[PDB]
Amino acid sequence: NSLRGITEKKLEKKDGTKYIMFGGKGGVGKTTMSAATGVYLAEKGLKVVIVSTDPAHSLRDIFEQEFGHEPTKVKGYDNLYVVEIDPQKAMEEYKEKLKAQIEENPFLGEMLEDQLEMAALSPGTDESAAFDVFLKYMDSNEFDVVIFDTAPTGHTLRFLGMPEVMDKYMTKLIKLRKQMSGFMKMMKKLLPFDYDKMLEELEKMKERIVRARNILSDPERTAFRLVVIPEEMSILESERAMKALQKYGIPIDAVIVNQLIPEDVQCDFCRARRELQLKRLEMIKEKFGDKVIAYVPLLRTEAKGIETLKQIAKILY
């Protein structure tokens, strides 16, 4: 319940799309918290999207409904949407589209299609298509609140520090073009017989990233939430990640301790395990104590159905 108030406060200011994003180690339940917050926010009439760059398609399993690239309404909710990212499917569509253009020339076309196939099969495309859709929804509106289940770290978010580098490189390209512009004219006269485009795209990207950065670094719009478990791994990790997000100047309004073993436990096993969870809980209330901390228990049931989802919802709110 401890989180509700903070959320409510976040919603009002800076009218427009509000962003919420959960982060934490693998497991640890951030996809879970995302789905739950989506359901809760969708309970009040609100138009909320949950975007997921998960290739494992976790939201498919949690919701039990398949989701395409385009936003899909979920579970009879008129107002709740989820965006699943498949770079491969997209890629097939782009291939159809390209093939359509290349009819006049097969050789040019088979070549370009090959280059694309290689591009898609390259190691960067997951994270970079993730990037593309992220920017698409940072620039977007028509969604009252956006929940990123893309799992952020300072290291995944390192692209936020680019615009300055882009500035330096751009001024370099401008100096260069000024030096060159004279020479190429004399070559164009003595022996007759791209930059503006590179600068266009560079500047465009610079502005997109700068906007996104300004939105993310601003509360009243974006809320970063850490989710953790009472175990040293997730605690230390999320601490470091918190420090990197700090380096990007990002607000973290809340930490969520998850899968807590309930206070009623009897057999020695869960006795020991909960002793440990209490030690780690003191560790958490030490390191993360300056932040709002929420607690969710370890459910008797596995957390799957919308019922368990609404349950967790009320547990956080």
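For every residue, the number given is its place in the sequence shown, counted from 1.
Trainee: Answer with none, 1 to 3, 4 to 9, or 10 or more: how many deposited residues between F107 and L108 are not present in the coordinates.
Mentor: Gap between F107 and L108: none.
Trainee: Name the higher of the two by mean Cα B-factor in the PDB entry, 68 to 76 versus 200 to 208.
Mentor: According to the entry, 68 to 76 carries the higher average C-alpha B-factor.
Trainee: Using the B-factors recorded in the PDB entry, average over the C-alpha atoms of 256 to 264 and of 270 to 278, then report which stretch comes out higher.
Mentor: If you average the C-alpha B-factors of 256 to 264 and of 270 to 278, the larger mean comes out for 270 to 278.
Trainee: I'd like to know which of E84, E117, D194, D144 has the highest C-alpha temperature factor in the PDB entry.
Mentor: Answer, based on the entry's C-alpha B-factors: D194.
Trainee: For the listed residues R225, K89, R158, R213, which one has the largest C-alpha B-factor as given in the deposited model?
Mentor: The C-alpha B-factor peaks, among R225, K89, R158, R213, at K89.
Trainee: Pull the Cα B-factor of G289 out of the PDB entry and bin it into the chain's lowest, middle or highest third.
Mentor: Highest third - that is where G289 ends up once the chain's C-alpha B-factors are sorted.
Trainee: Could you look up the Cα B-factor of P230 in the entry and say which third of the chain it sits in: lowest, middle or highest?
Mentor: CA B-factor rank for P230: highest third.
Trainee: Would you mind ranking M180 by its C-alpha B-factor against the rest of the chain and naming the third, lowest, middle or highest?
Mentor: As the PDB entry reports it, the C-alpha B-factor of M180 lands in the middle third of its chain.
Trainee: What third of the chain does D218 rank in for C-alpha temperature factor, lowest, middle or highest?
Mentor: According to the entry, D218 has a C-alpha B-factor in the chain's lowest third.
Trainee: Would you mind ranking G27 by its C-alpha B-factor against the rest of the chain and naming the third, lowest, middle or highest?
Mentor: Tercile = middle for this residue's CA B-factor.
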